[PDB]
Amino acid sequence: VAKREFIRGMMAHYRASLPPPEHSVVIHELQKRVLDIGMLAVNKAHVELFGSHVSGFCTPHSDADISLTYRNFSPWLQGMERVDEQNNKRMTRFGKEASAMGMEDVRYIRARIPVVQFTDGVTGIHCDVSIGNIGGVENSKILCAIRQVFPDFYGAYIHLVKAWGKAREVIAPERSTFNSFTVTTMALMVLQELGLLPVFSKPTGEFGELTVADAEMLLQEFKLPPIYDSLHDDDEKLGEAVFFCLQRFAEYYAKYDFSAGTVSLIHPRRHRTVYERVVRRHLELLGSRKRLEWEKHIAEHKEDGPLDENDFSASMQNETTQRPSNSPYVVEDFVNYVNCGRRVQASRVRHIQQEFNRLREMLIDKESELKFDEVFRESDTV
């Protein structure tokens, strides 16, 4: 009876978090507004959505992630001081034109990603605008593709993992733990090990990353178990399947050896030191491409030269720093081998790692004792 009510409520909650019918249009108009601001700021403004609004793993409270690009934008020129400063000047104007258009709480943040955040003056949606977030654009298209296999199954599962994580401070970026995307990736890996998602074992990007095309290819061949086809018109049955995966998810990350293995949708459980060599190869490829592009920019803007090896070295150092193999968690972004879980400090390894021991205790051991509003609520701890 407790289990049956828990599953009922949990699906209820998922069903109440699905974007309303008109929401597609809202988000499209939002994009149009951002592009208007962008056009005032940069030449050949281009605005591209990513994040959960692209993947579809969103609530009506989820923010809007937008990648801004412009004429002669190049991802490889990041690190070069003159291009960096040029981008800062682009984001400065973006900020100023955003306030003028009537965006609220406009904030230009100078960071590991020069970013402009604002609250849309029309719909109240929070917006995170960054220059050339190519990795975000791509891995959001891969996630959307995954969700499409059976939206309510993956959606519900990912929703509840996210609701759980958010509500439980497992996903608390500005609070030193994981972000939505890291947690999504973890939850998706557990489905791979259950045979409920395919293993993206053969990436074919220029730098060895997984591409949208790699992902779509596999997801077209992947079939869920036959029993899954009775779950489309029965929320009690589907909820049972989702609940099963949540138990397996809670379980997995309560017992998973991160001291050896990594989380990866490309190579589940790949050893840290193998990831290390994978990163080294990736960055050797990224590094040389980068060098070629800096050298081309420099040939065309001689006063921006000569190629300053300190600058290059520090740029490469930032790429290396995005990808430690030797950190509390190694959760691999499949599009760039970024260790999107690198930010979780050794001291947090406790919180998370208990609250997983705790999710699985409620879902499995104390199954007969289940209450929706006790598993999924605020946890002021970190």
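All residue numbers are counted from 1 along the displayed sequence.
The stretch 304 to 312 shows the higher mean C-alpha B-factor when 304 to 312 is compared against 137 to 145 in the entry. Taking only CA atoms, the mean B-factor in the PDB entry is higher for 49 to 57 than for the other of 49 to 57 and 329 to 337. Set against one another, the Cα B-factors of 234, 206, 284, 251 in the record reach their highest point at 234.
The PDB entry gives the largest Cα B-factor of the residues 161, 103, 219, 266 to 219. Residue 239 sits in the middle third of its chain by CA B factor, as recorded in the PDB entry. For residue 348, the recorded CA B-factor ranks within the highest third of the chain. Only modelled residues enter the ranking. When the modelled residues of the chain are ordered by their C-alpha B factor, residue 110 lands in the highest third. The deposited CA B-factor of residue 91 belongs to the middle third of values across its chain. Placement of the Cα temperature factor of residue 123 within the chain: lowest third of the modelled residues, per the deposited record.
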